[PDB]
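Below is the file target_19.cif, which contains mmCIF, N, CA, C and O atoms.
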```
data_entry
#
loop_
_atom_site.label_atom_id
_atom_site.label_comp_id
_atom_site.auth_asym_id
_atom_site.auth_seq_id
_atom_site.Cartn_x
_atom_site.Cartn_y
_atom_site.Cartn_z
N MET R 1 -25.16 81.09 17.56
CA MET R 1 -24.28 81.96 16.73
C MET R 1 -24.92 83.34 16.56
O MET R 1 -26.13 83.48 16.53
N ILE R 2 -24.12 84.37 16.45
CA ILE R 2 -24.68 85.74 16.29
C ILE R 2 -23.99 86.45 15.11
O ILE R 2 -22.79 86.39 14.97
N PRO R 3 -24.79 87.11 14.30
CA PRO R 3 -24.24 87.83 13.12
C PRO R 3 -23.51 89.10 13.57
O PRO R 3 -23.22 89.28 14.74
N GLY R 4 -23.22 89.98 12.65
CA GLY R 4 -22.51 91.24 13.02
C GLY R 4 -21.09 91.22 12.45
O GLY R 4 -20.74 92.03 11.63
N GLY R 5 -20.28 90.29 12.89
CA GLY R 5 -18.89 90.21 12.37
C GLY R 5 -17.99 91.13 13.16
O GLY R 5 -17.11 91.75 12.60
N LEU R 6 -18.16 91.21 14.47
CA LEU R 6 -17.23 92.09 15.23
C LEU R 6 -15.85 91.83 14.69
O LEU R 6 -15.37 90.71 14.66
N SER R 7 -15.25 92.83 14.19
CA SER R 7 -13.93 92.64 13.56
C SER R 7 -12.90 92.17 14.59
O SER R 7 -12.45 91.04 14.56
N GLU R 8 -12.51 93.03 15.49
CA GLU R 8 -11.51 92.64 16.51
C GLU R 8 -11.92 93.09 17.91
O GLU R 8 -13.07 93.02 18.29
N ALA R 9 -10.97 93.55 18.66
CA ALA R 9 -11.21 94.03 20.06
C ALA R 9 -9.85 94.17 20.75
O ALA R 9 -9.53 93.45 21.67
N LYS R 10 -9.06 95.10 20.30
CA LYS R 10 -7.72 95.31 20.90
C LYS R 10 -7.78 96.43 21.92
O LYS R 10 -8.82 97.00 22.13
N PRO R 11 -6.65 96.74 22.52
CA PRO R 11 -6.63 97.81 23.53
C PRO R 11 -7.10 99.12 22.93
O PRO R 11 -6.94 99.39 21.76
N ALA R 12 -7.69 99.93 23.75
CA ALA R 12 -8.21 101.24 23.28
C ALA R 12 -7.58 102.35 24.09
O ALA R 12 -7.40 102.25 25.29
N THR R 13 -7.25 103.42 23.44
CA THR R 13 -6.63 104.56 24.16
C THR R 13 -7.48 105.81 23.85
O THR R 13 -8.68 105.66 23.66
N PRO R 14 -6.92 107.00 23.81
CA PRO R 14 -7.78 108.17 23.51
C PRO R 14 -8.27 108.13 22.05
O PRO R 14 -9.16 108.86 21.67
N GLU R 15 -7.71 107.25 21.24
CA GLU R 15 -8.17 107.13 19.84
C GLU R 15 -9.56 106.56 19.79
O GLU R 15 -10.29 106.73 18.84
N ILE R 16 -9.93 105.87 20.80
CA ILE R 16 -11.27 105.30 20.84
C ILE R 16 -12.13 106.32 21.59
O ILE R 16 -13.34 106.34 21.53
N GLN R 17 -11.44 107.19 22.29
CA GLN R 17 -12.06 108.29 23.08
C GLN R 17 -12.61 109.33 22.14
O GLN R 17 -13.50 110.09 22.47
N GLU R 18 -12.10 109.33 20.95
CA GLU R 18 -12.61 110.29 19.94
C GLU R 18 -13.88 109.69 19.40
O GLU R 18 -14.94 110.28 19.41
N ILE R 19 -13.77 108.45 19.01
CA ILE R 19 -14.98 107.72 18.56
C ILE R 19 -15.95 107.75 19.73
O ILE R 19 -17.16 107.77 19.57
N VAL R 20 -15.40 107.80 20.91
CA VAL R 20 -16.25 107.85 22.13
C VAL R 20 -16.72 109.29 22.36
O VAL R 20 -17.82 109.53 22.82
N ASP R 21 -15.90 110.24 22.02
CA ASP R 21 -16.29 111.67 22.20
C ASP R 21 -17.23 112.08 21.07
O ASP R 21 -18.01 113.00 21.20
N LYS R 22 -17.14 111.41 19.96
CA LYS R 22 -17.99 111.74 18.80
C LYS R 22 -19.41 111.23 19.00
O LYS R 22 -20.36 111.79 18.48
N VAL R 23 -19.59 110.16 19.73
CA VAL R 23 -20.95 109.62 19.92
C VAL R 23 -21.49 109.97 21.30
O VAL R 23 -22.68 109.98 21.51
N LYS R 24 -20.64 110.24 22.25
CA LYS R 24 -21.14 110.57 23.61
C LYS R 24 -22.09 111.76 23.55
O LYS R 24 -22.92 111.93 24.41
N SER R 25 -22.01 112.57 22.53
CA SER R 25 -22.94 113.72 22.44
C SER R 25 -24.33 113.17 22.13
O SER R 25 -25.30 113.50 22.79
N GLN R 26 -24.41 112.32 21.16
CA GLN R 26 -25.72 111.70 20.82
C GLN R 26 -26.02 110.62 21.85
O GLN R 26 -27.15 110.39 22.22
N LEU R 27 -24.99 109.96 22.34
CA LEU R 27 -25.21 108.90 23.35
C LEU R 27 -25.65 109.57 24.66
O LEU R 27 -26.45 109.03 25.40
N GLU R 28 -25.14 110.74 24.94
CA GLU R 28 -25.55 111.46 26.18
C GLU R 28 -27.07 111.68 26.20
O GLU R 28 -27.74 111.31 27.14
N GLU R 29 -27.60 112.29 25.18
CA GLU R 29 -29.06 112.55 25.15
C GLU R 29 -29.83 111.42 24.46
O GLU R 29 -31.00 111.54 24.17
N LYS R 30 -29.20 110.29 24.24
CA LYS R 30 -29.91 109.15 23.63
C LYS R 30 -30.53 108.35 24.75
O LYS R 30 -31.73 108.26 24.90
N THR R 31 -29.68 107.81 25.58
CA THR R 31 -30.17 107.05 26.75
C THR R 31 -29.77 107.83 27.98
O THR R 31 -29.51 107.28 29.03
N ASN R 32 -29.73 109.13 27.85
CA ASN R 32 -29.37 110.00 29.00
C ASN R 32 -28.03 109.53 29.58
O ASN R 32 -27.78 109.60 30.77
N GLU R 33 -27.16 109.06 28.73
CA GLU R 33 -25.82 108.59 29.19
C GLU R 33 -24.89 109.76 29.46
O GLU R 33 -25.31 110.79 29.96
N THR R 34 -23.63 109.62 29.16
CA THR R 34 -22.67 110.71 29.43
C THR R 34 -21.31 110.40 28.80
O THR R 34 -20.72 111.24 28.14
N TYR R 35 -20.81 109.20 28.99
CA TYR R 35 -19.49 108.82 28.41
C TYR R 35 -18.45 109.92 28.63
O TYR R 35 -18.69 110.88 29.34
N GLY R 36 -17.31 109.80 28.02
CA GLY R 36 -16.26 110.84 28.20
C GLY R 36 -15.52 110.60 29.51
O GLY R 36 -14.31 110.62 29.56
N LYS R 37 -16.24 110.36 30.57
CA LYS R 37 -15.58 110.10 31.88
C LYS R 37 -15.31 108.60 32.04
O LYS R 37 -15.12 108.11 33.13
N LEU R 38 -15.27 107.89 30.95
CA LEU R 38 -15.00 106.43 31.02
C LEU R 38 -13.71 106.12 30.26
O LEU R 38 -13.32 106.85 29.37
N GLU R 39 -13.04 105.06 30.61
CA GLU R 39 -11.78 104.73 29.90
C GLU R 39 -12.00 103.56 28.94
O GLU R 39 -12.34 102.47 29.35
N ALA R 40 -11.79 103.78 27.68
CA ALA R 40 -11.96 102.68 26.70
C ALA R 40 -10.73 101.78 26.73
O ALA R 40 -9.66 102.17 26.32
N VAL R 41 -10.88 100.59 27.23
CA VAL R 41 -9.72 99.67 27.31
C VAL R 41 -9.54 98.94 25.98
O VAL R 41 -8.44 98.55 25.64
N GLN R 42 -10.59 98.76 25.22
CA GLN R 42 -10.42 98.07 23.89
C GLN R 42 -11.58 98.40 22.94
O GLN R 42 -12.52 99.08 23.30
N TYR R 43 -11.49 97.92 21.72
CA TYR R 43 -12.57 98.22 20.73
C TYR R 43 -12.58 97.25 19.55
O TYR R 43 -11.63 96.55 19.29
N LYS R 44 -13.66 97.27 18.83
CA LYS R 44 -13.80 96.39 17.63
C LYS R 44 -14.38 97.21 16.48
O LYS R 44 -14.49 98.42 16.55
N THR R 45 -14.77 96.56 15.41
CA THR R 45 -15.35 97.31 14.25
C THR R 45 -16.17 96.38 13.36
O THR R 45 -15.95 95.18 13.33
N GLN R 46 -17.09 96.91 12.61
CA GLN R 46 -17.90 96.05 11.70
C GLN R 46 -18.12 96.76 10.37
O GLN R 46 -17.81 97.93 10.21
N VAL R 47 -18.64 96.05 9.41
CA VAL R 47 -18.88 96.66 8.07
C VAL R 47 -20.34 96.46 7.65
O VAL R 47 -20.80 95.36 7.43
N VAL R 48 -21.07 97.54 7.53
CA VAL R 48 -22.50 97.47 7.12
C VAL R 48 -22.78 98.65 6.20
O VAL R 48 -22.11 98.84 5.20
N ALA R 49 -23.74 99.46 6.52
CA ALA R 49 -24.02 100.65 5.67
C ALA R 49 -22.97 101.71 5.99
O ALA R 49 -23.27 102.82 6.37
N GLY R 50 -21.72 101.34 5.87
CA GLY R 50 -20.62 102.28 6.20
C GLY R 50 -19.67 101.56 7.15
O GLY R 50 -19.31 100.42 6.94
N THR R 51 -19.26 102.22 8.18
CA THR R 51 -18.32 101.57 9.15
C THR R 51 -18.64 101.96 10.60
O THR R 51 -18.71 103.13 10.94
N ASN R 52 -18.79 101.01 11.45
CA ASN R 52 -19.06 101.32 12.88
C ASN R 52 -17.87 100.90 13.74
O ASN R 52 -16.91 100.33 13.27
N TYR R 53 -17.95 101.18 15.01
CA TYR R 53 -16.85 100.81 15.94
C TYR R 53 -17.44 100.41 17.30
O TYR R 53 -18.18 101.16 17.91
N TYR R 54 -17.12 99.25 17.78
CA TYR R 54 -17.65 98.82 19.11
C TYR R 54 -16.56 99.04 20.15
O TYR R 54 -15.39 98.84 19.88
N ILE R 55 -16.90 99.48 21.34
CA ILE R 55 -15.82 99.74 22.34
C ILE R 55 -16.11 99.13 23.70
O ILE R 55 -17.17 99.33 24.28
N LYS R 56 -15.14 98.44 24.24
CA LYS R 56 -15.28 97.87 25.60
C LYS R 56 -14.73 98.90 26.60
O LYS R 56 -13.59 98.80 27.03
N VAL R 57 -15.51 99.90 26.92
CA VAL R 57 -15.02 100.95 27.87
C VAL R 57 -15.69 100.80 29.23
O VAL R 57 -16.81 100.34 29.34
N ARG R 58 -15.01 101.17 30.28
CA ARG R 58 -15.58 101.05 31.65
C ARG R 58 -15.99 102.42 32.18
O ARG R 58 -15.58 103.44 31.67
N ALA R 59 -16.79 102.45 33.21
CA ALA R 59 -17.24 103.76 33.78
C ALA R 59 -17.14 103.76 35.30
O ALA R 59 -17.93 104.38 35.99
N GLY R 60 -16.17 103.07 35.84
CA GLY R 60 -16.01 103.03 37.32
C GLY R 60 -14.87 102.09 37.65
O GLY R 60 -13.72 102.31 37.31
N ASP R 61 -15.19 101.04 38.31
CA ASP R 61 -14.18 100.02 38.70
C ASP R 61 -14.84 98.65 38.84
O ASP R 61 -14.34 97.77 39.50
N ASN R 62 -15.97 98.49 38.22
CA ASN R 62 -16.71 97.21 38.28
C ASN R 62 -17.89 97.25 37.31
O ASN R 62 -18.94 96.68 37.56
N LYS R 63 -17.73 97.94 36.21
CA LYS R 63 -18.83 98.04 35.21
C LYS R 63 -18.27 98.39 33.84
O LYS R 63 -17.27 99.09 33.73
N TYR R 64 -18.89 97.92 32.79
CA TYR R 64 -18.39 98.23 31.42
C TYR R 64 -19.53 98.65 30.53
O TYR R 64 -20.68 98.36 30.78
N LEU R 65 -19.20 99.36 29.50
CA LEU R 65 -20.24 99.85 28.57
C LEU R 65 -19.79 99.60 27.13
O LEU R 65 -18.72 99.99 26.73
N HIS R 66 -20.62 98.96 26.37
CA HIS R 66 -20.26 98.68 24.95
C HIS R 66 -21.02 99.63 24.03
O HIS R 66 -22.23 99.56 23.92
N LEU R 67 -20.34 100.53 23.38
CA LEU R 67 -21.04 101.47 22.48
C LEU R 67 -20.96 101.01 21.03
O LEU R 67 -20.14 100.19 20.67
N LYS R 68 -21.81 101.54 20.20
CA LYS R 68 -21.81 101.14 18.78
C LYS R 68 -21.75 102.39 17.90
O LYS R 68 -22.77 102.89 17.45
N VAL R 69 -20.56 102.88 17.64
CA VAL R 69 -20.40 104.08 16.78
C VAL R 69 -20.51 103.65 15.32
O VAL R 69 -19.86 102.72 14.91
N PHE R 70 -21.37 104.27 14.56
CA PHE R 70 -21.55 103.84 13.15
C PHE R 70 -21.31 104.98 12.17
O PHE R 70 -21.80 106.07 12.33
N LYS R 71 -20.57 104.70 11.12
CA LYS R 71 -20.32 105.76 10.10
C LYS R 71 -20.90 105.30 8.76
O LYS R 71 -20.85 104.14 8.44
N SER R 72 -21.46 106.20 7.99
CA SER R 72 -22.04 105.76 6.68
C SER R 72 -21.15 106.16 5.49
O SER R 72 -20.02 105.72 5.38
N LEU R 73 -21.68 106.96 4.59
CA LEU R 73 -20.96 107.40 3.36
C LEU R 73 -22.02 107.53 2.25
O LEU R 73 -22.10 108.55 1.59
N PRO R 74 -22.81 106.49 2.11
CA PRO R 74 -23.91 106.49 1.10
C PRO R 74 -25.04 107.42 1.57
O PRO R 74 -25.94 107.75 0.83
N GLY R 75 -24.97 107.84 2.80
CA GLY R 75 -25.99 108.75 3.37
C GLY R 75 -25.26 109.56 4.42
O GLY R 75 -25.66 109.65 5.55
N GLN R 76 -24.14 110.09 4.02
CA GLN R 76 -23.26 110.87 4.94
C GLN R 76 -24.05 111.54 6.05
O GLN R 76 -23.65 111.56 7.19
N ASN R 77 -25.15 112.11 5.67
CA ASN R 77 -26.04 112.83 6.64
C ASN R 77 -25.91 112.23 8.04
O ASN R 77 -25.76 112.93 9.02
N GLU R 78 -25.94 110.94 8.11
CA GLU R 78 -25.79 110.27 9.43
C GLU R 78 -24.36 110.44 9.93
O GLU R 78 -24.10 111.22 10.83
N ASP R 79 -23.43 109.73 9.35
CA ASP R 79 -22.02 109.83 9.77
C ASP R 79 -21.88 109.57 11.27
O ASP R 79 -22.64 110.08 12.07
N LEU R 80 -20.92 108.77 11.66
CA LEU R 80 -20.71 108.44 13.09
C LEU R 80 -22.02 108.47 13.90
O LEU R 80 -22.10 109.05 14.96
N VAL R 81 -23.04 107.82 13.39
CA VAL R 81 -24.34 107.79 14.12
C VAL R 81 -24.38 106.59 15.06
O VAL R 81 -24.91 105.54 14.73
N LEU R 82 -23.81 106.72 16.23
CA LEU R 82 -23.81 105.59 17.19
C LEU R 82 -25.25 105.21 17.53
O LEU R 82 -25.85 105.75 18.44
N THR R 83 -25.81 104.30 16.80
CA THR R 83 -27.22 103.89 17.06
C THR R 83 -27.27 102.68 17.99
O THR R 83 -28.34 102.17 18.28
N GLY R 84 -26.15 102.21 18.48
CA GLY R 84 -26.20 101.03 19.39
C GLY R 84 -25.24 101.25 20.54
O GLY R 84 -24.26 101.96 20.41
N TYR R 85 -25.48 100.62 21.66
CA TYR R 85 -24.55 100.78 22.83
C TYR R 85 -25.16 100.17 24.10
O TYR R 85 -26.29 99.71 24.11
N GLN R 86 -24.42 100.21 25.17
CA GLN R 86 -24.91 99.69 26.47
C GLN R 86 -24.07 100.29 27.60
O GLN R 86 -22.91 100.60 27.41
N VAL R 87 -24.64 100.48 28.76
CA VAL R 87 -23.84 101.09 29.87
C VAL R 87 -24.18 100.45 31.23
O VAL R 87 -25.08 99.64 31.34
N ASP R 88 -23.45 100.83 32.24
CA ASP R 88 -23.67 100.30 33.63
C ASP R 88 -23.99 98.80 33.64
O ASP R 88 -25.08 98.39 33.98
N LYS R 89 -23.03 97.97 33.32
CA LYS R 89 -23.27 96.49 33.37
C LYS R 89 -22.01 95.76 33.83
O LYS R 89 -20.91 96.24 33.68
N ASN R 90 -22.19 94.60 34.37
CA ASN R 90 -21.04 93.79 34.83
C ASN R 90 -21.35 92.32 34.58
O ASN R 90 -20.89 91.44 35.27
N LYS R 91 -22.17 92.06 33.59
CA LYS R 91 -22.56 90.66 33.29
C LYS R 91 -22.78 90.47 31.79
O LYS R 91 -22.51 89.41 31.24
N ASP R 92 -23.29 91.47 31.11
CA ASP R 92 -23.53 91.31 29.64
C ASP R 92 -22.79 92.38 28.85
O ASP R 92 -23.19 92.74 27.76
N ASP R 93 -21.71 92.86 29.38
CA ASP R 93 -20.93 93.89 28.64
C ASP R 93 -19.66 93.26 28.09
O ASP R 93 -18.57 93.76 28.29
N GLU R 94 -19.78 92.16 27.39
CA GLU R 94 -18.57 91.50 26.83
C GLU R 94 -18.46 91.73 25.33
O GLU R 94 -19.31 91.31 24.57
N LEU R 95 -17.40 92.34 24.90
CA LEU R 95 -17.20 92.54 23.45
C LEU R 95 -18.44 93.18 22.79
O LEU R 95 -18.80 94.30 23.10
N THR R 96 -19.09 92.50 21.87
CA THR R 96 -20.28 93.09 21.19
C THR R 96 -21.53 92.27 21.46
O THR R 96 -22.64 92.75 21.33
N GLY R 97 -21.37 91.04 21.85
CA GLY R 97 -22.56 90.19 22.14
C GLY R 97 -23.31 90.76 23.36
O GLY R 97 -24.15 90.09 23.94
N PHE R 98 -23.02 91.98 23.76
CA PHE R 98 -23.73 92.56 24.93
C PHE R 98 -25.19 92.86 24.59
O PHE R 98 -25.56 92.68 23.44
#
```

This structure in structure tokens:
Amino acid sequence: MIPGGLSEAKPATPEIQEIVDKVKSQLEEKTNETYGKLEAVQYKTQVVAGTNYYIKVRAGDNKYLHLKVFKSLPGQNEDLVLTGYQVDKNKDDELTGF
């Protein structure tokens, strides 16, 4: 069993692309990623020190990347601080258990 509480995981459109465009800046220079050129097909969400969003987005035609966009409130300073994510995978990029 794994904690977290991934809320859901429905289809994703450019609305997840914003959550994706909001973290791809930090995600770009975090793991030298890039995002933005990927299509988010679905997403989920969790509740912790604020609110995060997990996304099942792909970056080609045989690979997926799960990002972890996180928003706070009690320490706004962070706000949409995607501190978790994964890219270039085709075996452990399922939902959030990636």

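Restricting the calculation to all atoms listed in the file, the smallest distance between residue 6 of chain R and any of R:96, R:42, R:32, R:86 is found for R:96.
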
Proximity to residue 84 of chain R - best of R:47, R:39, R:66, R:14, all atoms listed in the file
R:66

Per DSSP on the backbone, filter chain R down to the residues in strand (DSSP E or B) and report them as an NGL selection string.
:R and (10-11 or 39-48 or 50-58 or 64-71 or 84-85 or 89)

The PyMOL selection byres (((chain R and resi 82 and name CA) around 9) and name CA) on the file shown: which residues, as an MDAnalysis selection string?
chainID R and resid 22:24 26:27 52:53 67:71 79:81 83:85

Ground truth for the PyMOL selection byres (((chain R and resi 3 and name CA) around 12) and name CA), written as a list in words:
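That selection, the PyMOL selection byres (((chain R and resi 3 and name CA) around 12) and name CA), comes back as residues 1, 2, 4, 5, 6, 7, 46, 47, 48, 96 and 97 of chain R.
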
Pick from R:73, R:57, R:38, R:87: nearest to residue 9 of chain R, with only C-alpha atoms counted?
R:57
